[PDB]
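Everything on this sheet refers to the single structure shown next.
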Amino acid sequence: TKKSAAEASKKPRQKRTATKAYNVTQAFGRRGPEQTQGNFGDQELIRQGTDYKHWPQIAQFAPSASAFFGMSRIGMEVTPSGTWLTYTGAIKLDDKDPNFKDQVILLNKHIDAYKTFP
Amino acid sequence: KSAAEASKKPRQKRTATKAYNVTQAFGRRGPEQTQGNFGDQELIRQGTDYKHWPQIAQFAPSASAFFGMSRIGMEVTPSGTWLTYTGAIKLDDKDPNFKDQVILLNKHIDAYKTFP
Ligand code: NA
Ligand code: NA
Ligand code: NA
């Protein structure tokens, strides 16, 4: 059985897994433009999280823990709200992957799509 | 899993170990805009074999959280097509281990500057 929102929400934010039972908004907040918000997901992905039909083709771009700390620029920022570990980086698509073109289409479908929402 | 084997993975799915270290998997640490800056000499040489690796990895995002928390972009350039990401993970300052967590993270951030 799928974990309830009550149970899944007990994980620290960065270790949460969105599903139909605990969706992207519930886990990670509303998509939005601010520096603190995520901007990724169309309505279907938002509602289904890792249950989304094309989730594996998105997750193939998410970094391992080793790669996350190995590839990114990591910083620390202390503010009246708290202490933050900051990260930035870039992941290259493999243009020799037979599914390259579909990967671009899939990613374009989800980037900043919240701007079109009712 | 040798260097030859582990290197077959896409960069973002690599696992650094003593046999395939952070430099070999992810490049030299450095200051440039998409070079990694994280790791003292011990971490660089051992990767996920570092004995305090669990206290670092507790801050690494799941795939769901990576795509849920971050600001994601795409850039096309002479080098290819890139997925860009930025974000921030809040430490829990009510955790009694908070101060040790800050110390452990600062031990590795930009530490490359102090060695060749
Ligand atoms: Na679906
Ligand atoms: Na295809
Ligand atoms: Na780079």
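FYI, nothing fancy with the structure tokens labels: chains A, B, ... in order, residues from 1 per chain, ligands from 1 as they appear.
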
> Using the chain letters and numbers from this document, which residues of region 23-100 of chain B does DSSP assign to strand (DSSP E or B), as a PyMOL selection string?
Replying inline: chain B and resi 38+71-77+80-90

Take the residues from that selection and write them out as a PDB file, in the first residue's frame, keeping C-alpha atoms.
ATOM      1  CA  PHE B  38      32.717  20.325  -2.507  1.00  0.00           C
ATOM      2  CA  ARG B  71      14.430  25.664 -10.114  1.00  0.00           C
ATOM      3  CA  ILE B  72      14.880  23.735 -13.364  1.00  0.00           C
ATOM      4  CA  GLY B  73      15.904  25.203 -16.714  1.00  0.00           C
ATOM      5  CA  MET B  74      17.201  24.089 -20.079  1.00  0.00           C
ATOM      6  CA  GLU B  75      20.014  25.689 -22.036  1.00  0.00           C
ATOM      7  CA  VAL B  76      21.167  24.795 -25.533  1.00  0.00           C
ATOM      8  CA  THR B  77      24.771  25.718 -26.379  1.00  0.00           C
ATOM      9  CA  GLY B  80      24.922  20.438 -26.118  1.00  0.00           C
ATOM     10  CA  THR B  81      21.650  20.602 -24.214  1.00  0.00           C
ATOM     11  CA  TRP B  82      21.882  21.092 -20.401  1.00  0.00           C
ATOM     12  CA  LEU B  83      19.381  20.813 -17.581  1.00  0.00           C
ATOM     13  CA  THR B  84      20.139  23.549 -15.080  1.00  0.00           C
ATOM     14  CA  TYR B  85      19.161  23.408 -11.402  1.00  0.00           C
ATOM     15  CA  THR B  86      19.325  25.681  -8.385  1.00  0.00           C
ATOM     16  CA  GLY B  87      17.835  25.397  -4.931  1.00  0.00           C
ATOM     17  CA  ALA B  88      18.342  25.339  -1.195  1.00  0.00           C
ATOM     18  CA  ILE B  89      17.794  22.755   1.559  1.00  0.00           C
ATOM     19  CA  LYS B  90      16.986  24.089   5.011  1.00  0.00           C
TER      20      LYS B  90
END

> When the cut-off is 8 Å and we count only C-alpha atoms, which residues of chain B are near chain A, given as a count of residues only?
Replying inline: 51

> ligand 2: which residues are within 8 Å, counting only C-alpha atoms and all ligand atoms, as a ChimeraX atom specification?
Replying inline: /A:98-103

Output of the above residues as a PDB file, in the first residue's frame, restricted to N, CA, C and O atoms:
ATOM      1  N   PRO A  98      19.106   7.583 -28.285  1.00  0.00           N
ATOM      2  CA  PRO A  98      18.032   7.498 -29.261  1.00  0.00           C
ATOM      3  C   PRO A  98      16.795   8.295 -28.834  1.00  0.00           C
ATOM      4  O   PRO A  98      16.021   8.690 -29.684  1.00  0.00           O
ATOM      5  N   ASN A  99      16.590   8.512 -27.542  1.00  0.00           N
ATOM      6  CA  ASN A  99      15.374   9.182 -27.084  1.00  0.00           C
ATOM      7  C   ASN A  99      15.630  10.652 -26.770  1.00  0.00           C
ATOM      8  O   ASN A  99      14.780  11.316 -26.150  1.00  0.00           O
ATOM      9  N   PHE A 100      16.779  11.172 -27.213  1.00  0.00           N
ATOM     10  CA  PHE A 100      17.105  12.582 -26.964  1.00  0.00           C
ATOM     11  C   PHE A 100      15.932  13.527 -27.249  1.00  0.00           C
ATOM     12  O   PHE A 100      15.540  14.311 -26.394  1.00  0.00           O
ATOM     13  N   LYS A 101      15.353  13.451 -28.461  1.00  0.00           N
ATOM     14  CA  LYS A 101      14.288  14.350 -28.880  1.00  0.00           C
ATOM     15  C   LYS A 101      13.056  14.273 -27.981  1.00  0.00           C
ATOM     16  O   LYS A 101      12.445  15.288 -27.646  1.00  0.00           O
ATOM     17  N   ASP A 102      12.674  13.060 -27.590  1.00  0.00           N
ATOM     18  CA  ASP A 102      11.584  12.886 -26.628  1.00  0.00           C
ATOM     19  C   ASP A 102      11.942  13.458 -25.252  1.00  0.00           C
ATOM     20  O   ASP A 102      11.062  13.942 -24.520  1.00  0.00           O
ATOM     21  N   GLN A 103      13.212  13.368 -24.880  1.00  0.00           N
ATOM     22  CA  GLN A 103      13.614  13.888 -23.571  1.00  0.00           C
ATOM     23  C   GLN A 103      13.419  15.403 -23.551  1.00  0.00           C
ATOM     24  O   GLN A 103      12.966  15.954 -22.547  1.00  0.00           O
TER      25      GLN A 103
END

>> Show me which residues line ligand 1, defined as having an atom within 7 Å of a ligand atom where only C-alpha atoms and all ligand atoms count, and present them as JSON, numbers by chain.
In response: {"A": [44, 45, 48, 51, 52, 53, 54]}

Produce a file of the selected residues containing N, CA and C atoms, as a PDB file, in the first residue's frame.
ATOM      1  N   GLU A  44      -0.572  17.052 -14.367  1.00  0.00           N
ATOM      2  CA  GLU A  44      -0.534  15.613 -14.184  1.00  0.00           C
ATOM      3  C   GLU A  44       0.634  15.204 -13.275  1.00  0.00           C
ATOM      4  N   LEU A  45       1.840  15.704 -13.547  1.00  0.00           N
ATOM      5  CA  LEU A  45       2.992  15.350 -12.728  1.00  0.00           C
ATOM      6  C   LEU A  45       2.778  15.833 -11.293  1.00  0.00           C
ATOM      7  N   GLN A  48       0.474  13.431  -9.519  1.00  0.00           N
ATOM      8  CA  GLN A  48       0.877  12.031  -9.372  1.00  0.00           C
ATOM      9  C   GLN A  48       2.281  11.789  -8.789  1.00  0.00           C
ATOM     10  N   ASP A  51       4.215   8.502  -9.300  1.00  0.00           N
ATOM     11  CA  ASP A  51       3.254   7.658 -10.005  1.00  0.00           C
ATOM     12  C   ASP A  51       3.014   8.131 -11.443  1.00  0.00           C
ATOM     13  N   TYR A  52       3.482   9.336 -11.815  1.00  0.00           N
ATOM     14  CA  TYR A  52       3.333   9.849 -13.167  1.00  0.00           C
ATOM     15  C   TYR A  52       3.864   8.830 -14.158  1.00  0.00           C
ATOM     16  N   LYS A  53       3.194   8.733 -15.320  1.00  0.00           N
ATOM     17  CA  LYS A  53       3.489   7.702 -16.305  1.00  0.00           C
ATOM     18  C   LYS A  53       4.909   7.869 -16.852  1.00  0.00           C
ATOM     19  N   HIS A  54       5.384   9.117 -16.985  1.00  0.00           N
ATOM     20  CA  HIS A  54       6.728   9.302 -17.535  1.00  0.00           C
ATOM     21  C   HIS A  54       7.746   9.634 -16.437  1.00  0.00           C
TER      22      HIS A  54
END
